[PDB]
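Given as structure tokens, the chain that follows is alone and in the form deposited without D-mannitol (MTL).
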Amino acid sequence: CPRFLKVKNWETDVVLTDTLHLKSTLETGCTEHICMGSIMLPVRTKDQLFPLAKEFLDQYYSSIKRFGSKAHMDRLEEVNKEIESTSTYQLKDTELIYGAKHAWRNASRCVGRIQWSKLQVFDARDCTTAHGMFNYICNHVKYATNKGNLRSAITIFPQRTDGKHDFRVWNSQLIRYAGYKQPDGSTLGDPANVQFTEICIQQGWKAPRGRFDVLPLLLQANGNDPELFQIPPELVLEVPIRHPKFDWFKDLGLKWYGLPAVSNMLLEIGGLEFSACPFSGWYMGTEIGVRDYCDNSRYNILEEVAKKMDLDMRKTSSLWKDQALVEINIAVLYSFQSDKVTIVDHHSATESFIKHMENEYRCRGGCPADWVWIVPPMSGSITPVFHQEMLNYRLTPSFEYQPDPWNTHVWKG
């Protein structure tokens, strides 16, 4: 724990000094003997709860310039009594909004954080049933989509109590396409969603069995068995994919949804755990064009595209894969822009992230960042983040991973 750590940008020689890392609480997974930097995935008693609450409230009252005020001390007193009496406590609306914005600010794997202070927070802590969850999520989807002019948002459902009454969205993302495993081993739709699609089918979903079927919401309230709901199609904004020069690209039959919305993570604020907290922003082009379309384990279209460009596919050293990859990503950006749906290219997004990061070092004393996730999955070193040294550490409030609900849920019947 040196008081100071420096990071260097090897393109510009800009050096920054991190002090924020001293406020780090959680573990990284690394030790002095091993680095787990590329590892994807490396109730609560009142004893451990009041320090977490106090730490959070101190940060909140500092940020509003009321540290040590009567208001601050009264709040600490109030939360303390509430914890020792009820074993938990409730956040004020202001503290909830602060908490969610800062969990985003602290998200070291997110390149989009220049936007963190612009987040619409929907307080759904009065929700009690799956039907109510469905209503709240429809409203979030409509607000966030904004007819293509996307707005960042998060909807926060009631916190965990004894761990037996959890709210969960079983979908990993609010909008996703179904995947179907055929008897011959082939896959229709999104191969990554085969298992979840099967769960949905088992729960009674009638699958149209096409290549781009929007999955139903599977929603769990208060620890009850989850229930199926179909998002109104008119709320699901989609973009057919075409290419500005290649007129055959449309006949690939590709489209994607406009709203990226993560729904399987846990929001921790002041020791409290919000197990259902779907959040959404707008896409960076490579997410679709590189990963969704071109991962071997996803739609995997590099082959067909390269064929239609008539590239030399007999030797990898022709770089036919790289050539097709670029065209596909051009087409995604082109399509979204043409239909006036918010999207950002990986050049713009990484450039903005560097400006954000430098701003954060100056005003906050640091910006935790995961290089392995921040660097885009194509053209890495012609973006500025590639050459930027980053320190990764964990601040709270935070977004955390949690087990998949189908592995832990106790079925009521």
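Counting begins at 1, following the sequence as shown.
There is another form of this protein, the form deposited with D-mannitol (MTL) bound, and it is not shown here; the text below is about that form.
Trainee: Identify the site as open or blocked, taking the pose of D-mannitol (MTL) in the bound PDB entry and overlaying it via the site C-alphas; a blocked site has 3 or more ligand atoms within 2.4 Å of a backbone or C-beta atom of the shown form.
Mentor: Site status: open.
Trainee: Pick from 128, 195, 135, 230: which has a non-hydrogen atom within 4.5 Å of D-mannitol (MTL) in the bound PDB entry?
Mentor: Comparing distances to D-mannitol (MTL) in the bound PDB entry, the residue within 4.5 Å is 195.
Trainee: Out of 88, 264, 220, 80, which one falls within 4.5 Å of D-mannitol (MTL) in the bound PDB entry, going by heavy atoms?
Mentor: It is 264 that has a heavy atom within 4.5 Å of the partner.
Trainee: Does at least one non-hydrogen atom of residue 176 fall within 4.5 angstroms of D-mannitol (MTL) in the bound PDB entry?
Mentor: Looking in the bound PDB entry, residue contacts with D-mannitol (MTL) include residue 176, since a heavy atom lies within 4.5 Å.
Trainee: Test of understanding: in the bound PDB entry, would residue 172 fall inside 4.5 Å of D-mannitol (MTL) by heavy atoms?
Mentor: Yes, contact at 4.5 Å.
Trainee: Among 181 to 189, 195 to 203, 309 to 317, 88 to 96, which stretch sits within 4.5 Å of D-mannitol (MTL) in the bound PDB entry, heavy atoms only?
Mentor: Only one stretch passes the 4.5 Å heavy-atom test: 195 to 203.
Trainee: Does any residue in 23 to 56 get within 4.5 Å of D-mannitol (MTL) in the bound PDB entry, counting heavy atoms only, and if so which ones?
Mentor: The stretch 23 to 56, when checked against D-mannitol (MTL) in the bound PDB entry, contributes no residue at the 4.5 Å heavy-atom cut-off.
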